[PDB]
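Just below is one structure, and these are the notes that go with it.
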Amino acid sequence: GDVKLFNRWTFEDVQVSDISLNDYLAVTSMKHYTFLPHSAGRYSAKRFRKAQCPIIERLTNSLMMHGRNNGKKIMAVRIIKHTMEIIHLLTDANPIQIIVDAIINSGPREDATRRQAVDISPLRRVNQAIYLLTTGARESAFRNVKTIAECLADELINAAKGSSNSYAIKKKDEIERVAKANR
Amino acid sequence: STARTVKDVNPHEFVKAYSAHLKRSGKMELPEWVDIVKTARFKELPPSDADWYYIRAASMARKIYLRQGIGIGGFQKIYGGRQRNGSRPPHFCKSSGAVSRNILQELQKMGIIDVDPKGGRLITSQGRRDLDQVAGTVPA
Amino acid sequence: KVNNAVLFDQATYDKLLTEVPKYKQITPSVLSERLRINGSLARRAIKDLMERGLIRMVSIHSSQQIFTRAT
Amino acid sequence: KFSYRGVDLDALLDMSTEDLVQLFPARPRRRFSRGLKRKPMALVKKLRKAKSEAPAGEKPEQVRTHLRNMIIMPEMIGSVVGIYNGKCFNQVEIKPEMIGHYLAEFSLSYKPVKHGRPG
Amino acid sequence: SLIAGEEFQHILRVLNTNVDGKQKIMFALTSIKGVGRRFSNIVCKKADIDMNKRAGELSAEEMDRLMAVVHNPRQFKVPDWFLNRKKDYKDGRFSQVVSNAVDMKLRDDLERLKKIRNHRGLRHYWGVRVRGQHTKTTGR
Amino acid sequence: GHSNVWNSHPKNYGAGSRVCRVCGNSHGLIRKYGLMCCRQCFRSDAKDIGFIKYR
Amino acid sequence: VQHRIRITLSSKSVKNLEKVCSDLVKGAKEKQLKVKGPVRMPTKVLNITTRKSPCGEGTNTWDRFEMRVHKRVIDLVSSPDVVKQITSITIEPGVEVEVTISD
RNA sequence: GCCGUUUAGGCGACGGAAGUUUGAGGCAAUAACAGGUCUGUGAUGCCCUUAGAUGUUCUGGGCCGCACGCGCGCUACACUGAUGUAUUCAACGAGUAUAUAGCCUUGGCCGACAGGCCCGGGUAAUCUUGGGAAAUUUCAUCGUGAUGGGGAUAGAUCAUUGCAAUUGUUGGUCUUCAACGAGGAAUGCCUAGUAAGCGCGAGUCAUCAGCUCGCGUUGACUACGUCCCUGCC
Ligand SMILES: [K+]
Ligand SMILES: [K+]
Ligand SMILES: [K+]
Ligand SMILES: [Mg+2]
Ligand SMILES: [Mg+2]
Ligand SMILES: [Mg+2]
Ligand SMILES: [Mg+2]
Ligand SMILES: [Mg+2]
Ligand SMILES: [Mg+2]
Ligand SMILES: [Mg+2]
Ligand SMILES: [Mg+2]
Ligand SMILES: [Mg+2]
Ligand SMILES: [Mg+2]
Ligand SMILES: [Mg+2]
Ligand SMILES: [Zn+2]
């Protein structure tokens, strides 16, 4: 327990349930434990190197949108910290487990290309989960008194439970449905 | 604890403590144009803090403590920032020179900062002592 | 169209002093949405409840102020 | 009763030139402070002849000039100047409300556009 | 925080203008034409009016002092470079034009140029731009 | 007096006062470093003047 | 000897300037004069960027011309006589030698 | 190590500063196009004009004109923000005829600003400049309201450049406070220190940068394929 996120949250007790989505969320291995969701890492030179990037950092990078927020990663890390504290307040559990549960219960597993229904790979699954989570939080925050950190916390908490009150889960459902209608 | 100099304390707390120190000392005479002026022309409102004069005095006192030879133009550049030009791109702008000069002269009329022959302003031994003895009171 | 109030009425002050300390998370946004009050009033009410000692503070920051209940 | 900063027209006529600069706006003030060139004074020296040699209480004979960048003085409230606009001299009887303005501001150098075919 | 007051007025009829009582007094005074944020700030400071209050929180006397300052910024020592009518054409007096007098001064200043056939007055009369901007592609 | 109305406009500044030192054209003039050549003339004599293209 | 001599060398080429500098510092070290140098100043990069087209047609393509000025400073302690006796060898073209006597 | 005809090569891995011929440029074949340029050239054939000139110069005006259409852009529509404090990190480059002084300006004084005055430094790793850049950071205010978002338009006024500022050169001060709440059909650029954000320098230049050519700061998402479209072979 030497490395803790923000020196306030433990990594050892994080259980990544899905065996499929296990090598594409970098939380369990000790090599993927970091103090800060900020690395300035070169996780884009190769095709499958962003999978070995810490998952909190992958969540943080999707907050640097839109263009008005591009490159502002310290503010994104601040949002992540203030979101992880609200998560611990409203769930009394480890915020990293809530985050991995939300990313697991948000990635669509089947999609319709071309309209044949195709199955999503684990990497695109986690990418879509993160994209939907941060997109829903950002759209909740836009033109709203609620802070982006509070909207992110609410979205993550509702996605961890599996409730259809989270924009990501509603959208996952639509996506997979259109791949059931067009099977 | 004590034995902490200025380069040991958080600047945000040191400036707040030294502005209170200066306001308590009662050796600062404020101009008539304290509640009117803006710190710079790119500013669109006067400072919202009533004790902004003492806060800026503490800020410049600390800056003269850490560096020697700062002139009025240098302090105009230090407290200058971004100007928004309406429909035109923003650029850098400089601060007001009257405010900097008046506060520095008020700080010369306390023996905190003198003026060096080499140009600008230096910190006096009494000013160094004052800032260092206030830095020890700053809670860590 | 928000109709957030800027000054409490005595009934809303009573509800702020009784029901709000029972909230788990207490931030200006939640109080503004629930009590139908302005964000300035929310921040100032949070400061007053921190003065009467009816809440704790989990994290304070310029953008986000996070408070919780002591009980 | 034309005033120009609370003064009266007669007092303005009699007022010293160094004060009259201080009643004028900043652009005329800088113009006078940098010193007027020989063509500007010469035009007023011709306008005062036109005003004096005027037969009687009729308008002074038109004095044409190319001087568009000239500050209108209170001395010239009786003058009838024709300013060249590039193509012709437009006659203007200078009025006291015109004090401080340029002569160019009273001789249009283009034609007001009235649009026709969309083309 | 501060709970309320039985005297709290939601709409205050001020200088033939309606001021929202649910607004901070400084930005509430910017409802009257001729008063901007900076002149309202100066008026609030010179009238000794709390800037952390709301317009409805103030009493009758406080707005009376605000109007003493607004109708005579000079007696209250507001410098002359701070006025929207500096060195009036006819009068030559510095003054702060507020309310419908701003529109009146606009109309009179335009009529002055529309009688002397000045270029800018004719531009105003033609409904075109008066500050020397290109009119081919913008302003449509 | 024709000599006081011939070339009587001031040439203290303006584009119509500086000319190419190789051709006398007043357009596209590079005043940097005191070159005083036009763009086209500098592009032609640059090798002689000593400007080498590396990037 | 007595006085302090600063020889400034400038050039547009590195090899000629460096071999001239080597000749100077070799001559200085043969006559047993102490030499501080060569000291290489930051290289000046004179840059001109202009549209290659002699007109205004085509892709607006830009050629970037550069002139690189290399400055070398040699600091001896000696008398003027030995200095002009040293800086009298064949200085290669393009190299601007400049001798200045200090205290 | 595996794949590959076990070749030529590819993928992965250790090590390594670097493994994507390391990144980015410069240069860049044959053959063309009635491509642009006679308004760069004291490069030019021919034709026209040549003293009441299509020469030259001076004055003034125009190139800016405004029912409208199109292209490149800048500023936004906000709280992942605006405003006011506090705070502290670049790089590329540029700079004088010293005449009282010319360019870059330090320091002192006056001035709310704008600016002015007075001593000086620097032809420059020496002085401007350790380039005291912003975004960012911190605290506070605002509180979802076209609102403290936005700043178009407009009035008054003061300064500076200039021989001259009106058809506002520009910079200030107070005031005025429009559309715009994310943009239809379309369509552009982009695969890593990249896009995007942020500012700086240079060229133009007496003054004027919403433009270009460079610079650094902050710094992602997505893909590691295909011929579906577009084009080329
Ligand atoms: K040609
Ligand atoms: K020809
Ligand atoms: K040319
Ligand atoms: Mg929000
Ligand atoms: Mg100065
Ligand atoms: Mg911007
Ligand atoms: Mg052709
Ligand atoms: Mg044009
Ligand atoms: Mg700020
Ligand atoms: Mg508004
Ligand atoms: Mg604004
Ligand atoms: Mg121009
Ligand atoms: Mg420029
Ligand atoms: Mg295309
Ligand atoms: Zn040429």
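Computed over heavy atoms, backbone and side chain alike; hydrogens, waters and symmetry mates excluded. Residue numbering restarts at 1 for every chain, and letters A, B, ... go by the order of the sequence lines.
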Heavy atoms only: give me the nearest [X]-[Y] pair and the separation to one decimal.
| X | Y | result |
| --- | --- | --- |
| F8(C) | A4(E) | O-CB, 3.2 Å |
| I3(E) | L7(C) | O-CB, 3.1 Å |
| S40(C) | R54(E) | OG-NH2, 3.2 Å |

Interatomic spacing from NZ in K22(E) to CG in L41(C) - rounded to 0.5 Å =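 Between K22(E) NZ and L41(C) CG, I get 10.5 Å after rounding to 0.5 Å.
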Worksheet entry | Under 4.5 Å from any heavy atom of chain C - which part of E57(E) |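 For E57(E), the side chain is the part near chain C, not the backbone.
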More than 12 heavy atoms of other residues, nucleotides or ligands under 6.0 Å from [atom1] of [X]: yes or no?
| X | atom1 | result |
| --- | --- | --- |
| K90(E) | NZ | no |
| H10(E) | NE2 | no |
| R93(E) | CZ | no |
| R69(C) | CZ | yes |
| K77(E) | NZ | no |

